[PDB]
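# Could you work out the structure for the sequence below:
(one chain, ligands or ions: 2)
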Amino acid sequence: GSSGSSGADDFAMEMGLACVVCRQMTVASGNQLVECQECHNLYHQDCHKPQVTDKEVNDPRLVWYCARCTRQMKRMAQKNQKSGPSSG
Ligand SMILES: [Zn+2]
Ligand SMILES: [Zn+2]
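Numbering: from 1, shown residues only. Ligands and ions are numbered 1, 2, ... in the order given. Below you will find the coordinate block:
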């Protein structure tokens, strides 16, 4: 017993330009798509919690981080700091 397939087809899904929330590509003025820097996942300016602005997505020198990460990265939990080099 062993079932296996070989070869894939080509379709919108393949492109991989759809968000992770609704998993779609539909976009528009304001309801554009965004790509995280950590998880590198697609999040529709809308689908995402924090209403992402068009200017934000445009900002080439801007670091966008999806909640999923923002909540994770946050370990210090605004609590007492044991160790950590303070930087600008
Ligand atoms: Zn979506
Ligand atoms: Zn992320």
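
# Residue 14: which element?
Using DSSP states H and E, residue 14 maps to helix 12-15.

# Get me the contact residues on the chain for ligand 1.
Contact residues (Cβ under 5 Å from the ion) of the chain with ligand 1: 19, 21-22, 24, 44, 47. Heads up, the C-betas are built off the backbone N, CA and C, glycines and all.

# filter those residues to the buried ones?
The neighbour-count criterion (16 or more other Cβ atoms under 10 Å) marks 19, 44, 47 among the residues of the chain next to ligand 1 as buried.

# ranges for the helices of the protein?
For the chain, the helices defined by DSSP state H cover 12-15, 54-58, 67-73.

# Could you dump the ones you listed into JSON lines and include distance to ligand 2 and mean neighbour count?
Output for the helices of the chain, formatted as JSON lines (distance: least, Cβ to the ion, whole Å; neighbours: other Cβ atoms under 10 Å):
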{"stretch": "helix 12-15", "distance to ligand 2": "20", "mean neighbour count": "10"}
{"stretch": "helix 54-58", "distance to ligand 2": "14", "mean neighbour count": "12"}
{"stretch": "helix 67-73", "distance to ligand 2": "3", "mean neighbour count": "13"}
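
# Relative to residue 32, which of those helices is closest?
helix 54-58 (5.6 Å; Cβ to Cβ).

# what distance separates the closest one from the middle of the whole chain?
14 Å (Cα atoms, centre = their mean, to the nearest Å).
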